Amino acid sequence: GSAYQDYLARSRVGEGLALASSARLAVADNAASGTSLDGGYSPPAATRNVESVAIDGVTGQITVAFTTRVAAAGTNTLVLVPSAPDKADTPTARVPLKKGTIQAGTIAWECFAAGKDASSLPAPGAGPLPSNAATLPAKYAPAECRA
């Protein structure tokens, strides 16, 4: 591809990550209260660079869809996956969020781009995978989304 166009695409991904950070706040609020993980959430209007930022109310997974100013339709999403430790004391695993299950404490987030087929979160271990694989090519994404 074009080095310059690849730079322009990369330079625009942060606007979607910023909208995703607002969505992460909604998920964290609702996780603590046991409510729909998109509770109170207002999905942002489409912009030049970000077509949508959506929350799955059951899992809290966030899908960021970029416009063609970043990448072609169908190869344009990042997925942010939330999780919590299985135990408050000396956990052995991470568990997904689930609507209706109060989840206290710190929520971990993991970003996925295309090609990242396994979680690499640190001990106590892997978090959940995207319900639907991310489709934005890894070359456009931050390092933490590539693997």
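The first residue of the shown sequence is 1; numbering continues from there.
- For the pair 88-96 and 47-55, the mean Cα B-factor is higher in 88-96.
- Comparing 103-111 with 116-124, the higher mean C-alpha B-factor in the PDB entry belongs to 103-111.
- Ranking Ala138, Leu129, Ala134, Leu25 by Cα temperature factor from the entry places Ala138 first.
- Sorting the modelled residues of the chain by their CA temperature factor places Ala32 in the highest third.
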